[PDB]
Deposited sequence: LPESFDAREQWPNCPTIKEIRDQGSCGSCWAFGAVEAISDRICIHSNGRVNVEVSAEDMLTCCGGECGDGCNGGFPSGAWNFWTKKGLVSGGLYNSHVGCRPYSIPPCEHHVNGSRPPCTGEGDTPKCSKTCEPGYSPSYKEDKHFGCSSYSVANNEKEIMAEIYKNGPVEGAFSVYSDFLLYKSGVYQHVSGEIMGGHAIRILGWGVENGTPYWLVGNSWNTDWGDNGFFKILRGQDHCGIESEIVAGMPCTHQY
């Protein structure tokens, strides 16, 4: 394994790997970490560029994944992918894919032209139909996964998984001092705990002797380092290595 690795550069033909989405005022991170990583993997193991609908995951998985905008279980989301599959769907107001995201983007602890995020957003309905003008039908646009698994709390194994199969989904404990992240390798030094937050890990590296994980957040591009952040690697820091889930697309 190399000292550094960026999935964005290792797979130039898979643009989704470098895109950052916005969960809006909804606790749907569990669904985003998943559909983002899944999109990357569908592109990596079929070389087809397709943005998997976060809308489909968040609204149609049900209790098996948790409680919609109230939070969910990452590994459950990958399970739903292997059971029911996922349709395509782009960004809010994009009109791309079968089911585009229906929750408006917002400012996540930063100032901007967007409305501030307000954690109070309800889970949209599970509508099994594609937006008008889209083809094929909801049923026909389903992308299925052929396996759903959990990577061990092991740095080398997690690095190996990403190295061979692409980005994975993970989760960590967010503390108040993380909200203001801008650059460098994040390390929790103070602040109360805000709760668990699922994300997408697409690589690793070392910055001034400090090893880290290259992570993609779901709070838009004006947050952090263009939507991404780096976090201490090798110490299960604030749980970053304790909940790694991924899977493979059917061929």
Ranges of the deposited sequence (numbered from 1) for which no C-alpha atom is modelled
48-49, 254-256
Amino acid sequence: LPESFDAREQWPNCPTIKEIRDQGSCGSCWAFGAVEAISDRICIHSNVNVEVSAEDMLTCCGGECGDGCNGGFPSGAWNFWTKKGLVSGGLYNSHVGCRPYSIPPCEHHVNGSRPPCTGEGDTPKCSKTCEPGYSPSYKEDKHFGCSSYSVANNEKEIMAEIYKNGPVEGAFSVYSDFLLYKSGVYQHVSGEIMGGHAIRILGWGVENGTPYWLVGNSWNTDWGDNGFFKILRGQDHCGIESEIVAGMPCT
From here on, numbers count along this sequence of modelled residues.
Do the C-alpha atoms of 238-246 or of 18-26 have the higher average B factor in the entry?
18-26
Please compare 162-170 with 114-122 and say which has the higher mean C-alpha temperature factor in the record.
114-122
When you compare the CA B-factors of 200, 197, 188, 41 as listed in the entry, which one comes out on top?
188
Top Cα B factor in the deposited entry, candidates 77, 86, 179, 151:
179
If you rank every modelled residue in this chain by C-alpha B factor, which third holds residue 55: lowest, middle or highest?
lowest
Which third, lowest, middle or highest, does the CA B-factor of residue 69 fall in along this chain?
middle
Residue 97: CA B-factor among chain residues, third -> middle
Quick tally, chain-level thirds of C-alpha B-factors: residue 132 sits in the highest
Quick check on the deposited entry: does the C-alpha B-factor of residue 218 sit in the lowest, middle or highest third of its chain?
lowest
